[PDB]
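Below is one structure, written out as structure tokens; comments come after it.
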């Protein structure tokens with residue numbers, strides 16, 4: 070089997086991407102944030118505290134003939150941006166782009182933090198990291214991908230995120246028309262439960278490539294590119310007037326700037342992030358200070374190849390017995 074679903078930016082900045090997902094019988098379609106940095110599939114629901122719902126579409130298990138309470142199971146998750154959610158668990162039929170999993174754990178939110186409430190466009194998350202990170206207790210649950218894997222034509226999924234445009238998540242096949250040149254594969258460590266890999270270096274603009282190992286995670290659920298302070302300083306030093314602002318919470322730059330590109334290494338291959346991808350616009354409405362899309366990972370504890378990086382590539386998440394990651398230009 071295979072699946073193919075379009076993923077769409079939630080706003081003009083590509084802050085996140087939503088993908089329609091069918092849950093239950095008859096289908097209830099919710100728009101979920103596919104997150105390769107976490108491993109819970111959770112939804113706004115009929116159980117979510119009413120004051121914490123503001124425009125989201127909810128899953129109502131009582132209206133699904135295939136929903137079953139997973140008795141005694143609870144979940145609770147906290148994300149890197151400080152947001153959180155928690156609740157109880159149902160199993161139900163879940164389909165993505167024509168690919169169906171029966172008995173998928175669907176984590177129903179009883180509580181969500183303010184950032185989730187405030188984002189009316191995101192009806193929940195669909196985790197695509199390794200199932201070892203799943204938070205369901207006392208019986209840990211598998212991700213949608215883990216459950217689908219054995220049925221897939223090939224044990225892979227791909228992320229093809231657009232810049233200010235829709236893109237695609239495919240399951241079970243590699244669309245050879247979706248990228249240019251060849252795919253370069255690189256080793257993954259699953260030790261922390263992430264799609265963790267080591268980039269071979271970077272360049273700023275038309276500058277020379279610096280060969281240096283940068284361990285980080287491929288994380289579709291993180292907006293920006295978070296890299297070591299040394300690398301980030303070298304990037305922003307090439308932008309007149311750019312500075313790190315503790316009041317704003319990172320590097321800002323004059324909105325009048327033209328940003329240089331940023332290149333990262335994948336083995337001997339190179340992925341180029343155009344400068345425009347690094348522009349996250351005015352820090353506040355009408356400001357001439359703009360927020361940067363490359364930020365320091367210092368104090369996160371891990372480097373994160375988030376959407377800014379991933380949307381510059383066609384990315385293969387290879388879930389074979391020994392997982393690997395592939396990157397191609399597009």
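In mature numbering (1 follows the signal peptide of the UniProt record, and there is no 0), the protein residues as written are 70 to 399. Yeah, the Cβ is synthetic: ideal placement off N, Cα and C, and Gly gets one too.
Ranked by Cα distance from residue 209, the first of 199, 350, 164 is 199. DSSP lists 374 as the bridge partner or partners of residue 287.
In the DSSP assignment, the residues bridged to residue 104 are 196. DSSP places residue 226 in the strand class (E or B) of the three-state scheme. Shown here, residue 248 sits in coil according to DSSP, grouped into three states, outside any helix or strand.
Classified as buried, residue 329 has 16 or more neighbouring CB atoms from the shown chains inside 10 Å of its CB. A straight-line Cα-Cα distance of about 13 Å links residue 325 and residue 344.
The C-alpha of residue 160 is placed about 41 Å away from the C-alpha of residue 341. Inclusion of residue 304 and residue 313 in the CB contact set at 8 Å is not warranted, their separation being larger than that value.
Classified as exposed, residue 309 has fewer than 16 neighbouring CB atoms from the shown chains inside 10 Å of its CB. For the pair residue 233 and residue 82, the Cα-to-Cα distance works out to about 7 Å. About 17 Å separates the beta carbons of residue 162 and residue 126, which is beyond the 8 Å limit, so they are not a contact pair. When 377, 241, 286 are compared, the shortest CA-CA separation from residue 258 is found for 286. Looking at the DSSP output, residue 265 sits in a beta bridge with 258, 286. Per DSSP, reduced to three states, the secondary structure at residue 331 is strand. Taking 4 residues as the minimum length, the stretch 109-184 contains no alpha helix (DSSP H) run wholly inside it. DSSP, reduced to helix, strand and coil, places residue 304 within a helical segment of the structure shown. Excluding sequence positions up to five before and after residue 130, its CB lies within less than 6 Å of the CB of 136, 159, all in the same chain and listed in chain order. Shown here for residue 272: same chain residues with a beta carbon closer than 6 Å to its own, the five before and five after excluded, namely 278, 332 in chain order. Distance check between residue 177 and each of 169, 164, 99 places 99 closest, using alpha-carbon atoms only.
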